[PDB]
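Enquirer: With the first letter of the sequence shown counted as 1, position 79 gets the number 94 in the entry's author numbering; the numbers rise by one all the way through.
C-beta atoms are modelled at their ideal positions from N, C-alpha and C, and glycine is treated no differently.
I'd like to ask some things about the structure below.
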Amino acid sequence: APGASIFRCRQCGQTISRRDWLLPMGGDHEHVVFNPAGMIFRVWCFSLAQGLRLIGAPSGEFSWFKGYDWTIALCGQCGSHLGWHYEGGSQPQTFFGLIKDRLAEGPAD
Ligand SMILES: O=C1CC[C@H](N2C(=O)c3ccccc3C2=O)C(=O)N1
Ligand SMILES: [Cl-]
Ligand SMILES: [Zn+2]
Numbered sequence: 016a017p018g019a020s021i022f023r024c025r026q027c028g029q030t031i032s033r034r035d036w037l038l039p040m041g042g043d044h045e046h047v048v049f050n051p052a053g054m055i056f057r058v059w060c061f062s063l064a065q066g067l068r069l070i071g072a073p074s075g076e077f078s079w080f081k082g083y084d085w086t087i088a089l090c091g092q093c094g095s096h097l098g099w100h101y102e103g104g105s106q107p108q109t110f111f112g113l114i115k116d117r118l119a120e121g122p123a124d
């Protein structure tokens, strides 16, 4: 009966990822970053996620992760901006950077 197994969208409950899929990029699964508008994000990196909708074509502009291009990842249910999908890089080729405070963590179902 673990209570820290599954990450859901904090706004609607859509299943998004799992603690087991946490990915330590550059030695840490947590990355604190700012965008050009100055917003600060505490981003958790995951190997896999589901329940998202990836919007548009990838861009390398302002990428927080060297060698990766990003696409916006919205909750596929409610449209809440949950983070980004990264692609085009090496080891791994792709991963997800999701905004920790926009997810709710809980037991598996
Ligand atoms: O890796 C990334 C993900 C995208 C993120 N980003 C944003 O959060 C944003 C908002 C508005 C205009 C442009 C951007 C942008 O590049 C950013 O700054 N770096
Ligand atoms: Cl936030
Ligand atoms: Zn949602």
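1. Can you tell me which residues fall inside 6 Å of ligand 1, judged by beta-carbon distance to its nearest heavy atom, and keep chain order?
2. Between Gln65 and ligand 3, is there a pair consisting of the residue's CB and a ligand heavy atom that are separated by less than 6 Å?
3. If I'm right that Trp59 touches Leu89 with Cβ under 8 Å, what's the distance once you round it to whole angstroms?
4. In its own chain, which residues sit with a C-beta less than 7 Å from the C-beta of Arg33, not counting the 5 before and 5 after it?
5. Pick helix, strand or coil for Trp36, following the three-state DSSP scheme.
Expert: This is what the structure gives:
1. Per the CB criterion, closer than 6 Å to any heavy atom of ligand 1, the qualifying residues run in chain order as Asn50, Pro51, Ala52, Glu76, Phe77, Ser78, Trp79, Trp85 and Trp99.
2. Locating residue 65 in the sequence shown gives position 50, where the first residue counts as 1. No, the Cβ of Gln65 stays beyond 6 Å of every heavy atom of ligand 3.
3. Walking along the sequence shown from the start, residue 59 turns up at place 44. Walking along the sequence shown from the start, residue 89 turns up at place 74. Incorrect: roughly 17 Å between the Cβ atoms, too far for contact.
4. Against the sequence shown, residue 33 aligns to sequence position 18. Counting only Cβ-Cβ distances below 7 Å, and skipping sequence neighbours, we find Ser20, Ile21 and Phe22.
5. For the purposes of this step, residue 36 is taken as the residue at position 21 of the sequence shown. Helix.
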